[PDB]
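Read through the structure below, which is laid out as structure tokens, and then see the notes.
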Amino acid sequence: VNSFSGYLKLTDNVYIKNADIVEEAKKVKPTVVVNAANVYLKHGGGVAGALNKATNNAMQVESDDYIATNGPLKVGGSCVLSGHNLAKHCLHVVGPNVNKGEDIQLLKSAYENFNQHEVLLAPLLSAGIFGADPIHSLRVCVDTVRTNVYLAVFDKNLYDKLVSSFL
Ligand SMILES: Cc1ccc(C(N)=O)cn1
């Protein structure tokens with residue numbers, strides 16, 4: 001048993017809810033919250049800008065030190081950093097950004113990072129301002145992630161479309 005409430009069960013391991021991932025993280029304090037990161041860990045908008053704002057910019061300060069030491073992530077890659085006031089850990093995962101012309105085949109590689117963690121609170125990778133089709137992102141999630149993932153979908157309209165179109 002875990003602390004996640006109000007989710008619809010899609011599969012053995014994937015759950016979904018219409019929720020603000022920031023508000024969900026603040027309530028649950030999960031072991032792992034996933035950030036929709038870019039390779040530079042520049043958290044300006046969307047899930048990343050919202051998560052970073054909720055940490056009072058401490059996520060960005062930590063991220064800048066990580067990049068100064070290690071250089072940029074790979075598209076499809078990840079790093080584990082602090083969860084600050086939101087979670088124990090933040091898994092920063094880089095899905096391909098369609099609005100930058102990145103290979104959508106890298107979405108499966110991105111979701112494979114989730115398998116290193118038994119339970120995660122996450123957004124749909126490459127959705128929102130990353131430009132991918134969220135229906136596709138949910139299909140890749142279900143077909144790739146084997147650990148227990150609790151998906152937070154900000155848009156109520158999109159949430160309802162994801163549920164009603166799910167095979
Ligand atoms: C303020 C806020 C919360 C959540 C998101 C999101 N999931 O893109 C964006 N902005």
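Read the numbers this way: they start at 1 and go in the same order the structure lists the ligands and their atoms. Numbers here simply count residues along the sequence, with the first being 1.
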Practice problem: State yes or no: do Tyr66 and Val61 share one hydrophobic cluster built from I, L, V, M, F, W and Y residues joined by side-chain heavy-atom distances below 4.5 Å, directly or via other members? | Solution: no
Self-check item: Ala127: side chain to side chain contact (heavy atoms under 4.5 Å, CB included) partners, not counting sequence neighbours
Solution: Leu124, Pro134
Quiz item: Which pairs with one or both residues in residues 74-84 pass side-chain hydrogen bond (donor to acceptor under 3.5 Å, both in side chains), sequence neighbours excluded?
Solution: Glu62-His84, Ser78-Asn113
Quiz prompt | The single option from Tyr150, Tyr15, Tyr159 passing ring pair (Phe, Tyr, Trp, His ring centres under 6.0 Å) against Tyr7 | solution = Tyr150
Exercise. For atom CG of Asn70, decide whether the heavy atoms of other residues, nucleotides or ligands shown that lie under 6.0 angstrom number more than 12.
Key: yes
Quiz item: For ligand 1, what are the residues with a heavy-atom contact below 4.0 Å?
Solution: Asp20, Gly46, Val47, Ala50, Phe154
Quiz item: Partners of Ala37 by side chain to side chain contact (heavy atoms under 4.5 Å, CB included), sequence neighbours excluded?
Solution: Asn35, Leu41, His92, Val94
